[PDB]
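Shown next: structure_18.cif, given as mmCIF, N, CA and C atoms.
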```cif
data_model
#
loop_
_atom_site.label_atom_id
_atom_site.label_comp_id
_atom_site.auth_asym_id
_atom_site.auth_seq_id
_atom_site.Cartn_x
_atom_site.Cartn_y
_atom_site.Cartn_z
N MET A 1 0.85 -1.23 0.00
CA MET A 1 0.00 0.00 0.00
C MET A 1 0.88 1.26 0.00
N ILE A 2 0.27 2.42 0.04
CA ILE A 2 1.07 3.69 0.05
C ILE A 2 1.04 4.32 1.44
N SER A 3 2.18 4.44 2.08
CA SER A 3 2.24 5.05 3.45
C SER A 3 1.56 6.43 3.45
N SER A 4 0.43 6.54 4.09
CA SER A 4 -0.30 7.85 4.14
C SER A 4 -0.78 8.13 5.56
N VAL A 5 -1.73 9.02 5.70
CA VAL A 5 -2.28 9.35 7.04
C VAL A 5 -3.56 8.53 7.29
N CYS A 6 -4.49 9.04 8.06
CA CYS A 6 -5.76 8.28 8.33
C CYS A 6 -6.43 7.86 7.02
N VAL A 7 -6.44 8.72 6.04
CA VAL A 7 -7.09 8.37 4.73
C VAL A 7 -6.22 7.37 3.96
N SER A 8 -6.80 6.65 3.04
CA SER A 8 -6.01 5.66 2.24
C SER A 8 -5.43 6.30 0.97
N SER A 9 -5.29 7.61 0.95
CA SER A 9 -4.73 8.30 -0.26
C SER A 9 -5.58 8.02 -1.51
N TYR A 10 -6.81 7.62 -1.33
CA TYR A 10 -7.70 7.31 -2.49
C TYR A 10 -7.98 8.56 -3.34
N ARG A 11 -8.52 8.36 -4.53
CA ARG A 11 -8.82 9.51 -5.45
C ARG A 11 -9.63 10.61 -4.75
N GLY A 12 -10.46 10.25 -3.81
CA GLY A 12 -11.28 11.27 -3.10
C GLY A 12 -10.47 11.98 -2.01
N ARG A 13 -9.20 12.23 -2.24
CA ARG A 13 -8.37 12.94 -1.22
C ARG A 13 -8.62 14.46 -1.30
N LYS A 14 -9.85 14.86 -1.53
CA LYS A 14 -10.18 16.31 -1.62
C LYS A 14 -10.63 16.82 -0.24
N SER A 15 -10.82 15.90 0.68
CA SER A 15 -11.28 16.18 2.10
C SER A 15 -12.70 15.64 2.32
N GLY A 16 -13.43 15.36 1.27
CA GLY A 16 -14.81 14.81 1.45
C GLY A 16 -15.83 15.96 1.48
N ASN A 17 -16.97 15.77 0.86
CA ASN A 17 -18.01 16.85 0.86
C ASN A 17 -18.63 16.99 2.26
N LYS A 18 -18.18 17.95 3.02
CA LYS A 18 -18.73 18.15 4.40
C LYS A 18 -20.22 18.55 4.34
N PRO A 19 -20.85 18.58 5.49
CA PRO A 19 -22.29 18.96 5.51
C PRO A 19 -22.55 20.36 4.89
N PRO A 20 -21.55 21.22 4.90
CA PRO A 20 -21.76 22.55 4.26
C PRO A 20 -20.78 22.71 3.08
N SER A 21 -21.19 23.43 2.06
CA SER A 21 -20.31 23.64 0.87
C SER A 21 -19.73 22.31 0.36
N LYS A 22 -20.56 21.45 -0.17
CA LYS A 22 -20.08 20.13 -0.68
C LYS A 22 -19.27 20.31 -1.98
N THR A 23 -18.11 20.89 -1.89
CA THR A 23 -17.27 21.11 -3.11
C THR A 23 -15.91 20.39 -2.99
N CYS A 24 -15.53 19.97 -1.80
CA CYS A 24 -14.21 19.28 -1.63
C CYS A 24 -14.13 18.01 -2.50
N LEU A 25 -14.77 16.94 -2.10
CA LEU A 25 -14.73 15.68 -2.91
C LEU A 25 -15.26 15.93 -4.32
N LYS A 26 -16.50 16.36 -4.39
CA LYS A 26 -17.19 16.66 -5.69
C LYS A 26 -16.80 15.68 -6.82
N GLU A 27 -16.53 14.43 -6.49
CA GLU A 27 -16.14 13.43 -7.53
C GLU A 27 -16.56 12.02 -7.08
N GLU A 28 -17.82 11.83 -6.75
CA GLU A 28 -18.34 10.49 -6.30
C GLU A 28 -17.29 9.72 -5.46
N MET A 29 -16.89 10.28 -4.34
CA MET A 29 -15.88 9.61 -3.44
C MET A 29 -14.54 9.40 -4.17
N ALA A 30 -14.22 10.23 -5.13
CA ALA A 30 -12.94 10.09 -5.87
C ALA A 30 -12.38 11.47 -6.27
#
```
Rewrite the structure from the file as structure tokens, please.
Amino acid sequence: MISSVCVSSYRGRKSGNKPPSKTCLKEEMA
């Protein structure tokens, strides 16, 4: 695997669409 932090370094490494301003992930979990 790739040594990363809590996240698995997956394509959705945008921070995830939080409850407000869902623009971080904006890529179906990728």
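The spacing separating CA of residue 4 in chain A from CA of residue 19 in chain A amounts to 24.7 Å.
The space separating CA of residue 17 in chain A from CA of residue 5 in chain A comes to 18.5 Å.
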One decimal, Å: what's the distance from atom N of residue 23 in chain A over to atom C of residue 1 in chain A, could you say? 27.4 Å
